[PDB]
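Taking it in order: structure first as structure tokens, then the write-up.
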Amino acid sequence: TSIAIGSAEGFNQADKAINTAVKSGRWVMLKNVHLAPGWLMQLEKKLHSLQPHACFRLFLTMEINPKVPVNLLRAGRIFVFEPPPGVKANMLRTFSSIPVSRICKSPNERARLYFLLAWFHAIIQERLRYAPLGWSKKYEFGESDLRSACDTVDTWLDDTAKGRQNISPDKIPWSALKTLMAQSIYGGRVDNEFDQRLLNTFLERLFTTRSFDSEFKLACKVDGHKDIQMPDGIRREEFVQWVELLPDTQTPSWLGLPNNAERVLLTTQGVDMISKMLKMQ
Amino acid sequence: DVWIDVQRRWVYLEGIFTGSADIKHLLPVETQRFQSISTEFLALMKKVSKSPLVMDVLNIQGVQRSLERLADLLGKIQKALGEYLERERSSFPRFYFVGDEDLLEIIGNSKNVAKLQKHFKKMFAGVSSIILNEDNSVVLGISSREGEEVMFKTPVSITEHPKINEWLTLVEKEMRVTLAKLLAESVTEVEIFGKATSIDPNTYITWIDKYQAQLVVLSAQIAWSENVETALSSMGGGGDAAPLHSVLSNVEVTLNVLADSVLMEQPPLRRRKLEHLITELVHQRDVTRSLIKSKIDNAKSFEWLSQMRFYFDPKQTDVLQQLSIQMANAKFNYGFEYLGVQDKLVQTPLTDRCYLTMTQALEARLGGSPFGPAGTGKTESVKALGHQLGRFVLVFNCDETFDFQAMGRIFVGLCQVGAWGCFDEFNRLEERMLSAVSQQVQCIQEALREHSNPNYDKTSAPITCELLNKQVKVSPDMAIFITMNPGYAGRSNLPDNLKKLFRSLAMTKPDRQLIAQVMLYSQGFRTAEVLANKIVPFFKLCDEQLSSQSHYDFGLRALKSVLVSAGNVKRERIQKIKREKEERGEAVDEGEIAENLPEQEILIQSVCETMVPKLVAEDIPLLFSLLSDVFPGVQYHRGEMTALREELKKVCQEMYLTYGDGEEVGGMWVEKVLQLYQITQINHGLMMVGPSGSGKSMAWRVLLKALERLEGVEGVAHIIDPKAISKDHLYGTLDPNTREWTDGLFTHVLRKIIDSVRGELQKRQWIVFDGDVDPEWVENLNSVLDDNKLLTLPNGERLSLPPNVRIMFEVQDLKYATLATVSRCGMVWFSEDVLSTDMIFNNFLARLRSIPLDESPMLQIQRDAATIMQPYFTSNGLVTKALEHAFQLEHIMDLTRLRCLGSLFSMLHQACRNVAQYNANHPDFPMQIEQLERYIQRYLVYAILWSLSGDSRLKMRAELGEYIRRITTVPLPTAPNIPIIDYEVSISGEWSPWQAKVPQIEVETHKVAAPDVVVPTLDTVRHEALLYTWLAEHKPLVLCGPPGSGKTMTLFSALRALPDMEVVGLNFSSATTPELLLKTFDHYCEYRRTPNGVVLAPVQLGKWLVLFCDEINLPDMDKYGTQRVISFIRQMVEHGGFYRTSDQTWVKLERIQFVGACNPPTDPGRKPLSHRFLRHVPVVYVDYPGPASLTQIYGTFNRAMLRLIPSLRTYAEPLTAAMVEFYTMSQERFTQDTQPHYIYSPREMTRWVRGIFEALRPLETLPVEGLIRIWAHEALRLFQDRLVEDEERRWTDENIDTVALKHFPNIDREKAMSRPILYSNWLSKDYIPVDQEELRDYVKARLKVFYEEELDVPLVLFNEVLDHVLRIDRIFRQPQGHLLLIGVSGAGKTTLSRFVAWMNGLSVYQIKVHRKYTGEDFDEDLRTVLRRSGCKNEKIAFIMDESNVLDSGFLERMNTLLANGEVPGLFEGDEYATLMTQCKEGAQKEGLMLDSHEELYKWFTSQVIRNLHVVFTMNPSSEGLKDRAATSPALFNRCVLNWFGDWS
Amino acid sequence: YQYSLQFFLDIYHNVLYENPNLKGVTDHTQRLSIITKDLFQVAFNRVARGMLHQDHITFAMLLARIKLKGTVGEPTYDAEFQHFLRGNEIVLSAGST
Ligand SMILES: Nc1ncnc2c1ncn2[C@@H]1O[C@H](COP(=O)(O)OP(=O)(O)OP(=O)(O)O)[C@@H](O)[C@H]1O
Ligand SMILES: Nc1ncnc2c1ncn2[C@@H]1O[C@H](COP(=O)(O)OP(=O)(O)O)[C@@H](O)[C@H]1O
Ligand SMILES: Nc1ncnc2c1ncn2[C@@H]1O[C@H](COP(=O)(O)OP(=O)(O)O)[C@@H](O)[C@H]1O
Ligand SMILES: Nc1ncnc2c1ncn2[C@@H]1O[C@H](COP(=O)(O)OP(=O)(O)O)[C@@H](O)[C@H]1O
Ligand SMILES: [Mg+2]
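Protein chains in written order, with the working numbering: chain A, 2 to 282; chain B, 109 to 1652; chain C, 689 to 785.
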């Protein structure tokens, strides 16, 4: 049972759902509970004096803000959701989120398109850490954009490939996908001409007929002369294995940024870690 | 006025109760009620029919009462039909968008279709009215607002479908079907028009005229899409000859025909059709050129797929499904909703991107959320896309009152109708409401998704969703769009779950050049590209180079208004040239006239009619330089509106205003009036921006009168102060329980105009918002100021702004208004230089020479005085030079020209009244012209001095007097050093010193330091005269100065000279609202319905009510710098009344005036008063009495005091000197910088004298040493009790000793000033000093008795306990003696207070605060305390703690009780009646025979003051003390503060 | 980062009992070593799940310090960690460089 917190009817429905679930054993999710900090204390007191069913689970979705009561935080288990630490983690999360049966469909080229989409999303989202250089402002490039891009890819691949097992890479609607990503999916959030130019550059570099060649370069000159290679696989599991075997030595040059784009950030983070460890001495 | 409303209500109520048959079962009781009421109504109608004479009907007994009762009963019945209204809305989905009153009218008038013709504009997109035959039994067709009409293929007959719902649904379905058939025929014709080398203009214009504006553009789009599809299919072979060039040629030749057609004169409907066709074909040409350039040969290429394409299938059986609209992978069906003639928007690439993103969102079954700055066309883009698909788009201007239930009801309406919802400013909702609404949006989207699944079949169960705990069917055509400005920080943030339900899009930079080019091309402007490429950069330069002002807007809206004005100006110029050629010669050629047509000066003329009025003086030459640079060699000359100028002249003469032409006096004001007229002509939303007293109100009033006299159209103005009332009272509120909508002020006014019961649509109606603008209330007018011209309420009701209504704002600044509202209103900038001082002088002199002061010898005196002061009221005169100099000085408040000018004018009116009084007192010898001249000149100098420097210190008053003496030629006093400010003007016409009015009096012994007693001083005699002068004309006035300066004392002494004037005390705090003033009005005044309107006047006939606001500048300023009560007072001063929120009725004040008091605005917690408020209120600075004045005042008090003991009469001078010196050093040493409560004033010295007098009263004899001991004891109790730190107390002790030895040298130290200075009347009858040991023994015995009889907790008697119990005993022995004990918890404050109350016989009362405690419980406790202490004559020690304060209302009520001794609004209704009864028995018991309620309440207040004692105990917090100093000023100026603190 | 005593007790219960690594191990000393290892592992896994990724390194550093204090065959390394934490508080001079 999903309930959005903020209205009196919402509070009554949440109380009724909790009272029903602690007996039946169902699940209850309450969204944006940080908007009612006063009611969270009463909810915690109600939860403490309670012996619910073994299968009952209560989920409280909230944003990280100090208005959430401390007693509620101590009573429950906290799970922080945030951008993945790196490109490898972002791609792994994207592949795990998308069902296996969705990627494995009638055209074998769908897996490569999904891998290109995952890499593009990882590159775009990881550049947001270097806010002034990777972009011009902290855009909300998130899971909704990835889902819309997946839907667009599925729709246009199904339109072009009418159930055929294989489709020529030149026959893939590259222009349709590129334009939709640049205008509606990811370019909708962009309100800067140069951010749009960068997005168009990324889309025209990644989504092209040359992406299906063995020589294709995901990134060029990550350090010295080494560069990231496009996988030669044609199936989802091979792409996932390639993602898992990433060097785990990521630098901002994976994103196209200079290697020195992270020096100030890393120095500040190290100083902040020193301060945090000293604060709990 | 009552008959028509009752008849109108009864018509539709009887219609509903008769036509409907299910209403008898659902709601029978009020059905029977209405049957009886209708029987009475029919009896009345029969009686009227017997004698149709008006006077015979008027002579019917109790006819007015009968009609009022009928109206009340009809209203009660009408409000009792909500469930039936919901039932009726359920059957026909479009009833969800119509109001409750309008639904009542619609259902009641089902039989009489005639009154439904103004209600179809609410349920349909473009259907304003329906077309019926003469029988009114068959619906032949429908009509639009512009007059365009559609005839049904098969007309719907009402007789065959008598039910309102049935025939309404048939009309809607037949409208859709006939639109489909007409579209099919139009496509068939345009196919013949298409694929043609040349187009005959005659047949093309015939086809355009034949079909609707909505259908011609659709047919053109269908034909172009089919042509492009066929051409691309032909090119599909690859490397083939391109027939796409033929399609481009066809588009170009058709556009050439359209341009030729728009060059000449066309009917307005055909002109709009041609404009829409041109706008669409420019986009078609651009798309075709883009297709050709890219070398596109496949019809499946995305560069063609991404475009919007229209496909028509003549083989489709369903005419509604014949047309399919596709763009990218999204496919839509035309809704075929009659849109009328809407304004098409140029299809800019941004609009294209918007179309693509929003259609992609629609296909994926989730809403679209365009965002960006205002003026980017986000809302318009959404409306244009909705109209392109033939959808019904409803626009809602969301605000914080759009709660979960209202938004859910709107969603239910949209789901059932199948309409589009464009929720503008969707982030103005509260975040909790956003989260709650996300649930409903998700359910609706899930229902749409399950509808879109191919497994679902329409023959199966209908798709329904859970909306407001009901099953609501969801039409597939429904869409949800939310447009918001994320940049606005105040706007609430959207939750992530709600944001994921919408597809966002950034609309930040509209393509202004394209829109300008296409708009000018469609209007017939040759060389439109050059004009656009000149005018868009010109707007950029205006934005950049011109100075930054808060009212400047050079965005798309400004250019859009400029372009439409250019089109209108070109049309008017064409008409003028045609009429000139008609009156001279007979040859007319439209082509030649258009060829030699100066379009550049037309564009510049529009720019000047729009940009120039808002320009500041320094920017007009700059903008004209920009015009010269961008458009060289062409000039614009403003039209000479002599017809309006003569009317302006007449109105100015009748209104005593100054008129001027060009560079004459008052010319700039007339130019501003003409600019305001132009902006009114070209806009429906206006703002008059400019500093206070720039002539804005007079400008628009004179404009309204001149327009009324010129055009013959009566003008009505509704002036509303938006910030004087809450937003709920301004716009309306929705009941969370019964879901009943109560109209606000603006909503009621607009609805009354729209309904037009008394022909309000035939009058020029101007709704003026004379008040501050903040983005809380003005953003609700966003949809009103937009083309939408619509007011959307949370209850789903939408009110269209009538074309005769103008929404005007009269503001002094726009520093808090956002660019959203600035871009939505034409601006006229009224600089202060527009209203020159010479014009004000001329207005004052004309009013004096014309308007009599009494209500003619008085008029003759006024004329003579005006003649005498005429030389001094000219430019570069005495008054003007003094005003220029006075602005260089600093004052206690910000100086404004009109405050000083109004003060001076009031003083001159007082001088004229004084001359009239002299003439009346000397009938034999009337005052001669030489005496009159001398008196008037001297009084003019005196009034200039007291008006231009009243709010400044004595030093600057002397400076202004010296400057006047330097510049004036009037004879002046020959005093070598005494300033002119120290002289008055005797009625004989000569200067006399104010010292002659200051006698050295000997106040009576029993009247020593009494509140009524006032020692006469130069400042007192000067301020009393000034206050009498200002109060005589009933002009509101403000006293400014330090606390205890004597402002209230000066005012009450001045009011004592006026016996026809009664004062009512009001004490404002930080939580003060106009509700306090309303309570005062209800208690002291009464509302009566005069024939001219409701008038509020005091109950006492012939008496003027003076409202004394004690602290006028404490009330909190909101985030946008506005005080609601200050705006309220400004409204009732400027406009002489306010608005009654109960019925939105204007109430005019009568015999009511206001007097304000306040500390200087630099003091903590004090906010500066608005310049629009200070304009009407003179400010006088009552400063602290100097050492000489203090020595004189308290010296007299001491001499009167020491007369009790003859042996001490020789010590009055040293005692007064010691008191003054110690008070001065204490004031200097302890300032408010250290602690908020460190305020020392003459009030401390008054207490000092009173305490010494009370100690000395019973003593028969007393040595000097005992007098010194009493003096030191009083000094300690007054100056050391409130001290916090121990060093401060040590300083006070040491300096008390030092002062006592300095001023009394020949006394012994130990006997008079032993450190344990303790005084008590417990051991003995008299207030003699007591030693510590015997006091301790007495307190021990009394504490044993206290344990035996009362609260039993053992206590320790140390020195501090004895001192504190003595202090509390001292306070409890005084009338209106309240306490403020500050110290840590558990220090004994409450226990000692209870012990002293038991000792002094007081009854301890404490409020029993619990969790469920609310304001009503506190009010009941206060009523109980007041009844016990004021009616039963019971001494009560009301002990209150800071923890008992759970609301600011607690503090406000306690502040009022502490200050006045009574709360005005506490006793109302039956409580007031029983209070008066109990007061009557109490007065009878006391021996007083009081008859009326006024003296009963006065006696009750006196009893409460005498008996009730309030003890406030709070912890010693730093910021809490400062907060209390502002939220409760009476806690610090009415309560004695003893700082207990922690135990030492 | 609000954690109660019951959270740590649950971690300790999940380490002592329901531990996959203790399915077929019978030696007491190596069982104790396995329990000690999984104590730190499970503590980090559970706590860092509700922690920002920037504080994961801080918590891991503190856990590593805790383990380092618990090893007999290791120097205290107190001065090194004091210089690592409060190193920047040493006052220097222009001529010192
Ligand atoms: N044409 C005129 N000639 C002379 N005096 C004029 C003229 N027009 C207005 N005045 C006077 O000058 C003053 C202008 O007051 P008005 O209320 O019009 O100004 P305002 O700028 O709208 O004021 P506020 O900002 O306080 O609302 C009044 O005293 C008015 O009578
Ligand atoms: N493509 C367009 N063609 C013509 N006028 C347009 C276009 N886009 C916007 N406008 C005009 O711009 C002004 C502001 O549009 P509006 O929808 O209120 O903007 P926003 O959504 O940014 O507040 C209106 O006069 C509107 O008609
Ligand atoms: N000429 C005077 N005669 C009598 N009392 C005076 C005189 N001048 C000042 N005072 C004293 O100054 C104080 C003014 O009190 P009040 O009128 O309440 O001041 P405010 O209006 O500034 O709060 C009183 O104690 C009053 O007795
Ligand atoms: N001088 C004292 N001797 C004995 N008990 C005292 C003394 N002063 C305070 N108390 C104790 O303080 C408590 C009462 O606190 P109270 O006076 O109501 O607090 P507050 O000072 O905050 O008003 C009782 O326990 C009482 O015995
Ligand atoms: Mg808008």
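Yeah, the Cβ is synthetic: ideal placement off N, Cα and C, and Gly gets one too.
With distance defined between alpha-carbon atoms, name the residue in the options nearest to residue i.
i	options	result
B/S1556	B/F1236, B/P1167, B/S1178	B/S1178
B/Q683	B/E698, B/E274, B/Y1047, B/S669	B/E698
A/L41	A/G87, A/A15, A/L114	A/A15
A/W243	A/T252, A/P253, A/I229, A/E216	A/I229
B/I272	B/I215, B/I300, B/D1631, B/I316	B/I215
A/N72	A/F12, A/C56, A/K46	A/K46
Which class does residue i belong to by DSSP, given the choice of helix, strand or coil?
i	result
B/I1260	strand
B/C1020	helix
B/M541	helix
B/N561	coil
A/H54	coil
Here's the rule I'm using: 16 or more other beta-carbon atoms within 10 Å means buried, otherwise exposed. How should residue i be labelled?
i	result
A/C221	exposed
B/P1199	exposed
B/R253	exposed
Output the distance between the C-alpha atoms of residue i and residue j, rounded to the nearest integer angstrom.
i	j	result
A/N167	A/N109	6 Å
B/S908	B/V892	8 Å
B/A482	B/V1533	57 Å
B/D1477	B/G1152	25 Å
B/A1320	B/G1303	7 Å
A/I99	A/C105	11 Å
For ligand 7, is there a heavy atom less than 6 Å away from the beta-carbon of residue i?
i	result
B/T387	Ligand 7 is not part of this structure, which contains only ligand 1, ligand 2, ligand 3, ligand 4 and ligand 5.
_Tell me whether the segment 1276-1290 of chain B and the segment 862-874 of chain B touch, counting them as touching only if at least three CB pairs, one residue from each stretch, are closer than 8 Å._
The segment 1276-1290 of chain B makes no contact with the segment 862-874 of chain B, as fewer than three CB pairs between them are under 8 Å.
*Say whether the segment 1299-1317 of chain B touches the segment 1227-1246 of chain B, bearing in mind that this needs 3 or more beta-carbon pairs closer than 8 Å, one atom from each stretch.*
Because the criterion of three Cβ pairs below 8 Å is not met, the segment 1299-1317 of chain B and the segment 1227-1246 of chain B do not touch.
*asked:* Would you call the segment 260-272 of chain A in contact with the segment 152-162 of chain B, where contact means no fewer than 3 C-beta pairs closer than 8 Å?
replied: No, they do not touch.
_Whether or not the segment 505-518 of chain B and the segment 478-492 of chain B are in contact is what I'm after, with contact meaning three or more pairs of Cβ atoms, one per stretch, closer than 8 Å; do they touch?_
Note that the segment 478-492 of chain B does not touch the segment 505-518 of chain B; fewer than 3 beta-carbon pairs, one per stretch, sit closer than 8 Å.
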